[PDB]
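Coordinates from upload32.cif are shown below (mmCIF, C-alpha atoms).
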```cif
data_entry
#
loop_
_atom_site.label_atom_id
_atom_site.label_comp_id
_atom_site.auth_asym_id
_atom_site.auth_seq_id
_atom_site.Cartn_x
_atom_site.Cartn_y
_atom_site.Cartn_z
CA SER Z 1 -46.73 108.95 -62.97
CA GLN Z 2 -49.46 107.59 -60.72
CA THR Z 3 -49.31 103.80 -61.25
CA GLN Z 4 -48.55 103.18 -64.94
CA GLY Z 5 -45.20 104.96 -64.83
CA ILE Z 6 -43.95 103.06 -61.78
CA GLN Z 7 -44.80 99.76 -63.48
CA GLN Z 8 -42.99 100.71 -66.68
CA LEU Z 9 -39.99 101.93 -64.67
CA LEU Z 10 -39.82 98.66 -62.73
CA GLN Z 11 -39.95 96.58 -65.91
CA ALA Z 12 -37.30 98.81 -67.51
CA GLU Z 13 -34.93 98.43 -64.56
CA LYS Z 14 -35.48 94.67 -64.42
CA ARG Z 15 -34.75 94.35 -68.14
CA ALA Z 16 -31.65 96.53 -67.75
CA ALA Z 17 -30.33 94.35 -64.93
CA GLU Z 18 -31.09 91.26 -67.01
CA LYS Z 19 -29.16 92.70 -69.96
CA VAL Z 20 -26.09 93.51 -67.86
CA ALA Z 21 -26.10 90.20 -65.96
CA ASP Z 22 -26.59 88.16 -69.15
CA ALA Z 23 -23.71 90.06 -70.76
CA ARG Z 24 -21.50 89.27 -67.76
CA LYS Z 25 -22.40 85.57 -67.88
CA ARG Z 26 -21.78 85.54 -71.64
CA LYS Z 27 -18.38 87.13 -71.03
CA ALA Z 28 -17.45 84.52 -68.42
CA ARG Z 29 -18.47 81.54 -70.57
CA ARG Z 30 -16.78 83.16 -73.57
CA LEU Z 31 -13.52 83.58 -71.65
CA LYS Z 32 -13.69 79.88 -70.81
CA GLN Z 33 -14.26 79.17 -74.50
CA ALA Z 34 -11.22 81.31 -75.34
CA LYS Z 35 -9.05 79.29 -72.98
CA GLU Z 36 -10.28 75.92 -74.26
CA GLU Z 37 -10.02 76.78 -77.96
CA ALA Z 38 -6.53 78.20 -77.57
CA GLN Z 39 -5.47 75.15 -75.57
CA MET Z 40 -6.53 73.00 -78.52
CA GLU Z 41 -4.61 75.33 -80.85
CA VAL Z 42 -1.44 74.90 -78.79
CA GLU Z 43 -2.02 71.14 -78.82
CA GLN Z 44 -2.04 71.27 -82.62
CA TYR Z 45 1.14 73.38 -82.57
CA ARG Z 46 2.75 70.80 -80.28
CA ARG Z 47 1.77 68.04 -82.71
CA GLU Z 48 3.43 69.97 -85.54
CA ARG Z 49 6.60 70.48 -83.51
CA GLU Z 50 6.78 66.80 -82.52
CA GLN Z 51 6.39 65.79 -86.17
CA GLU Z 52 9.23 68.14 -87.12
CA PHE Z 53 11.30 66.60 -84.31
CA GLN Z 54 10.70 63.13 -85.72
CA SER Z 55 11.80 64.29 -89.17
CA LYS Z 56 14.92 65.94 -87.74
CA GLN Z 57 15.80 62.81 -85.75
CA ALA C 1 -55.64 118.11 -66.25
CA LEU C 2 -52.37 116.18 -66.49
CA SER C 3 -54.21 112.87 -67.01
CA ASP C 4 -51.95 110.06 -68.28
CA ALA C 5 -50.38 112.13 -71.08
CA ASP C 6 -47.79 113.73 -68.79
CA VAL C 7 -47.08 110.27 -67.37
CA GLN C 8 -46.36 108.96 -70.85
CA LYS C 9 -44.19 111.99 -71.60
CA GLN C 10 -41.96 111.30 -68.59
CA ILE C 11 -41.95 107.63 -69.60
CA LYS C 12 -40.83 108.51 -73.13
CA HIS C 13 -38.08 110.61 -71.56
CA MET C 14 -37.05 107.83 -69.14
CA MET C 15 -37.38 104.46 -70.92
CA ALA C 16 -35.36 105.38 -74.00
CA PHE C 17 -32.16 105.69 -71.96
CA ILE C 18 -32.73 103.53 -68.86
CA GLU C 19 -33.28 100.43 -71.00
CA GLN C 20 -31.01 101.36 -73.91
CA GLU C 21 -27.96 102.42 -71.88
CA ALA C 22 -28.10 99.05 -70.14
CA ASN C 23 -28.39 97.45 -73.58
CA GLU C 24 -25.28 99.37 -74.68
CA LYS C 25 -23.52 98.26 -71.49
CA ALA C 26 -24.34 94.67 -72.45
CA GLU C 27 -23.02 95.26 -75.98
CA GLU C 28 -19.74 96.76 -74.77
CA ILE C 29 -19.43 93.94 -72.23
CA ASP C 30 -19.66 91.53 -75.17
CA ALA C 31 -17.14 93.64 -77.10
CA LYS C 32 -14.76 93.41 -74.15
CA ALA C 33 -15.47 89.68 -74.08
CA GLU C 34 -14.10 89.59 -77.63
CA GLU C 35 -11.15 91.79 -76.67
CA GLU C 36 -10.51 89.38 -73.80
CA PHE C 37 -10.75 86.42 -76.14
CA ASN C 38 -7.86 88.15 -77.86
CA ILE C 39 -6.00 89.04 -74.64
CA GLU C 40 -6.22 85.53 -73.17
CA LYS C 41 -5.30 83.91 -76.49
CA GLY C 42 -2.33 86.26 -76.92
CA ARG C 43 -1.07 86.09 -73.33
CA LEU C 44 -1.73 82.76 -71.60
CA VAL C 45 -1.42 80.24 -74.42
CA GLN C 46 1.11 82.55 -76.07
CA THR C 47 3.39 82.15 -73.05
CA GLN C 48 2.62 78.42 -73.19
CA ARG C 49 3.75 78.32 -76.82
CA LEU C 50 6.92 80.22 -75.90
CA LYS C 51 7.67 77.76 -73.08
CA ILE C 52 7.25 74.71 -75.31
CA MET C 53 9.32 76.45 -78.00
CA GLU C 54 12.08 76.97 -75.43
CA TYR C 55 11.83 73.28 -74.56
CA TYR C 56 12.09 72.38 -78.25
CA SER D 1 -38.89 117.47 -32.94
CA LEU D 2 -40.61 114.87 -35.12
CA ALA D 3 -40.08 112.24 -32.40
CA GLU D 4 -43.86 111.85 -31.97
CA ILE D 5 -45.35 112.73 -35.39
CA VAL D 6 -44.12 110.60 -38.30
CA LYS D 7 -44.94 106.94 -38.96
CA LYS D 8 -43.45 104.24 -41.17
CA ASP D 9 -46.69 103.68 -43.11
CA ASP D 10 -46.36 107.20 -44.58
CA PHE D 11 -42.93 106.52 -46.14
CA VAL D 12 -42.14 104.55 -49.29
CA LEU D 13 -38.78 103.40 -47.99
CA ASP D 14 -35.93 101.59 -49.76
CA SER D 15 -37.44 102.33 -53.17
CA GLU D 16 -35.32 102.43 -56.32
CA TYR D 17 -36.41 105.87 -57.55
CA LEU D 18 -39.11 107.37 -55.27
CA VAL D 19 -39.13 108.99 -51.83
CA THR D 20 -41.56 110.59 -49.38
CA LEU D 21 -41.06 114.29 -48.62
CA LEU D 22 -42.51 116.22 -45.67
CA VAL D 23 -43.78 119.77 -46.23
CA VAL D 24 -45.35 122.15 -43.73
CA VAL D 25 -48.14 124.06 -45.47
CA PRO D 26 -50.22 127.02 -44.17
CA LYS D 27 -53.87 126.39 -43.40
CA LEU D 28 -54.74 129.24 -45.78
CA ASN D 29 -52.90 127.30 -48.52
CA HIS D 30 -53.65 123.67 -47.59
CA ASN D 31 -56.25 122.98 -50.26
CA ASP D 32 -54.11 125.12 -52.57
CA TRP D 33 -51.15 122.84 -51.93
CA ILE D 34 -53.35 119.79 -52.50
CA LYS D 35 -54.54 121.13 -55.86
CA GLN D 36 -51.01 122.27 -56.79
CA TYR D 37 -48.70 119.45 -55.66
CA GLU D 38 -49.31 117.34 -58.77
CA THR D 39 -48.17 120.36 -60.81
CA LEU D 40 -45.33 121.18 -58.39
CA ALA D 41 -43.17 118.47 -59.98
CA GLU D 42 -43.04 115.88 -62.74
CA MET D 43 -42.90 112.10 -62.32
CA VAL D 44 -45.07 112.58 -59.23
CA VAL D 45 -47.77 110.23 -57.92
CA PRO D 46 -51.27 111.76 -57.99
CA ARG D 47 -53.42 110.81 -54.99
CA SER D 48 -50.31 109.95 -52.95
CA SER D 49 -50.71 113.16 -50.94
CA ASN D 50 -51.85 112.84 -47.34
CA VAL D 51 -52.14 114.87 -44.13
CA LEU D 52 -49.62 113.22 -41.80
CA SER D 53 -50.36 115.61 -38.91
CA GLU D 54 -51.57 119.12 -38.15
CA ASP D 55 -51.25 122.00 -35.70
CA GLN D 56 -53.02 125.30 -35.06
CA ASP D 57 -51.18 127.01 -37.95
CA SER D 58 -50.35 124.46 -40.68
CA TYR D 59 -50.48 120.86 -41.93
CA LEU D 60 -47.56 118.45 -42.20
CA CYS D 61 -48.28 116.56 -45.42
CA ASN D 62 -46.44 113.72 -47.16
CA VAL D 63 -46.14 113.08 -50.91
CA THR D 64 -44.53 110.28 -52.91
CA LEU D 65 -42.57 111.48 -55.93
CA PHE D 66 -39.44 111.08 -58.04
CA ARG D 67 -36.05 111.56 -56.40
CA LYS D 68 -34.67 113.70 -59.23
CA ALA D 69 -37.73 115.98 -59.36
CA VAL D 70 -37.55 116.78 -55.63
CA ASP D 71 -35.22 119.71 -56.31
CA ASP D 72 -37.78 121.57 -58.40
CA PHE D 73 -40.58 120.26 -56.18
CA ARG D 74 -39.08 122.04 -53.18
CA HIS D 75 -38.20 125.04 -55.37
CA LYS D 76 -41.79 125.52 -56.53
CA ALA D 77 -42.99 124.71 -53.01
CA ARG D 78 -40.94 127.65 -51.73
CA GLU D 79 -42.39 129.70 -54.59
CA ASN D 80 -45.85 128.85 -53.20
CA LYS D 81 -45.07 129.56 -49.52
CA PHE D 82 -44.50 125.96 -48.38
CA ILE D 83 -41.53 125.16 -46.13
CA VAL D 84 -40.07 121.70 -46.70
CA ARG D 85 -39.38 119.93 -43.40
CA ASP D 86 -36.42 117.79 -44.50
CA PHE D 87 -36.59 114.50 -42.59
CA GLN D 88 -36.77 110.78 -43.40
CA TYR D 89 -38.01 107.82 -41.38
CA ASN D 90 -35.52 107.16 -38.56
CA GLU D 91 -37.01 104.93 -35.87
CA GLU D 92 -33.68 104.98 -34.03
CA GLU D 93 -33.83 108.74 -33.49
CA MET D 94 -37.48 108.72 -32.42
CA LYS D 95 -37.23 105.89 -29.91
CA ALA D 96 -33.92 107.24 -28.62
CA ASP D 97 -35.49 110.65 -28.02
CA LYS D 98 -38.53 109.20 -26.24
CA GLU D 99 -36.43 106.88 -24.09
CA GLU D 100 -33.96 109.66 -23.27
CA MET D 101 -36.82 111.95 -22.24
CA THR D 102 -38.30 109.32 -19.94
CA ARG D 103 -34.83 108.37 -18.67
CA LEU D 104 -33.95 111.94 -17.70
CA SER D 105 -37.36 112.49 -16.11
CA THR D 106 -36.96 109.37 -13.97
CA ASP D 107 -33.32 110.25 -13.22
CA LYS D 108 -34.40 113.68 -11.99
CA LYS D 109 -37.14 112.10 -9.87
#
```
Taking this structure as input, can you express it in the form of structure tokens?
Amino acid sequence: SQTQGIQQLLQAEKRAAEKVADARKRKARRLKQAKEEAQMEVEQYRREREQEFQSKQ
Amino acid sequence: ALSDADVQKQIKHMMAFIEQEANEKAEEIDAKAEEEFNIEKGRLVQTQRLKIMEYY
Amino acid sequence: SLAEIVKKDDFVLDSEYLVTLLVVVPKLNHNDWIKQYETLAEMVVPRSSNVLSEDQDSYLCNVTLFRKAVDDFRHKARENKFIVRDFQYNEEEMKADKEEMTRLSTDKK
């Protein structure tokens, strides 16, 4: 590898780092999405429980 | 006599794992992002649901 | 000591995958090493060879090549009667040696 191989290696490493970093950022945002969606789910569960409380009362 | 054929042989040897193993690392990071969807949703808000159930 | 031989321009430092190696080579096999070093290892850089320095019996020559292929590079180099002078760019050592030499000379005076 005189010059072509070094160029291809550099692009390969840059793309690899981009893949890993993008996956990490996706994971972070997706964890935030998990927390938000499940918070809404628990809000719905709370609404159900309050309705049942009203019926019981 | 090597010319650029030997260069391309080493590049065929090298690229196909240096780029693809990082791709697989990205894919398993996403898979663990799904597993952590599940872990967060079954631990944090699960404890929250248990607390409110205790209150109820 | 390589206190007064190497230079930073001969080294490809801080690279991701490549490194400069130093190899003493006999005069009788200098051109032979130049024609053979591209074949001495794979993932090497043709036309990266150079004559860093010389003496009355050999040539200290530097080559840029892959870090994984250095093992077989030095192996085949030993197969072709070339002794690898293992040393990387260390300005600290060189300046320390020069300054210590001058310091002890002046101290003795």
For this session: Using all atoms listed in the file, determine which residues of chain D fall within 10 Å of chain C; present them as a PyMOL selection string.
Result: chain D and resi 38-39+42-46
For this session: Let me know the residues the PyMOL selection byres ((chain Z) within 7 of (chain C)) catches in the file above, as a list in words.
Result: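 Residues picked by the PyMOL selection byres ((chain Z) within 7 of (chain C)): residues 1, 5, 12, 13, 15, 16, 19, 20, 23, 24, 27, 30, 31, 34, 35, 38, 39 and 42 of chain Z.
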For this session: Tell me, in Å to one decimal, how far atom CA of residue 53 of chain D is from atom CA of residue 6 of chain D.
Result: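 For atom CA of residue 53 of chain D relative to atom CA of residue 6 of chain D, the distance reads 8.0 Å.
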Exercise. Hey, what comes out of the PyMOL selection byres ((chain D and resi 12-20) around 7) on this file? Could you write it as a PyMOL selection string?
Worked result: chain D and resi 10-11+21-22+62-67
Exercise. At what distance in Å, to one decimal, does atom CA of residue 58 of chain D lie from atom CA of residue 80 of chain D?
Worked result: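 The value is 14.0 Å.
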Problem set entry | Between atom CA of residue 9 of chain Z and atom CA of residue 23 of chain D - distance in Å to one decimal | 25.9 Å
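In this comparison, which uses all atoms listed in the file, the residue of Z:51, Z:2, Z:33, Z:44 approaching chain D most closely is Z:2.
Proximity to chain Z was assessed for D:69, D:4, D:60, D:94 counting all atoms listed in the file; the smallest distance is recorded for D:69.
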For this session: Would you list the contacts of residue 82 of chain D as a ChimeraX atom specification, taking every protein, DNA or RNA residue within 9 Å and counting all atoms listed in the file, but skipping same-chain residues closer than 6 positions in sequence?
Result: /D:23-26,29,33,74,76
Export of the given selection (C-alpha atoms) as a PDB file, in the coordinates of the input:
```pdb
ATOM      1  CA  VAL D  23     -43.780 119.770 -46.230  1.00  0.00           C
ATOM      2  CA  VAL D  24     -45.350 122.150 -43.730  1.00  0.00           C
ATOM      3  CA  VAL D  25     -48.140 124.060 -45.470  1.00  0.00           C
ATOM      4  CA  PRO D  26     -50.220 127.020 -44.170  1.00  0.00           C
ATOM      5  CA  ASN D  29     -52.900 127.300 -48.520  1.00  0.00           C
ATOM      6  CA  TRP D  33     -51.150 122.840 -51.930  1.00  0.00           C
ATOM      7  CA  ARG D  74     -39.080 122.040 -53.180  1.00  0.00           C
ATOM      8  CA  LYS D  76     -41.790 125.520 -56.530  1.00  0.00           C
TER       9      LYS D  76
END
```
Build an axis-aligned box that encloses every atom of segment 53-56 of chain Z listed in the file, pad it by 3 Å on each side, and report its centre and edge lengths in Å to one decimal, as lines of an AutoDock Vina configuration file.
```
center_x = 12.8
center_y = 64.9
center_z = -86.7
size_x = 10.2
size_y = 9.5
size_z = 10.9
```
Exercise. Out of D:88, D:105, D:49, D:56, which residue has the shortest atom-to-atom distance to chain Z when counting only C-alpha atoms?
Worked result: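 Closest to chain Z, using only C-alpha atoms: D:49.
Considering only C-alpha atoms, the residue among Z:25, Z:56, Z:14, Z:47 positioned nearest to chain D is Z:14.
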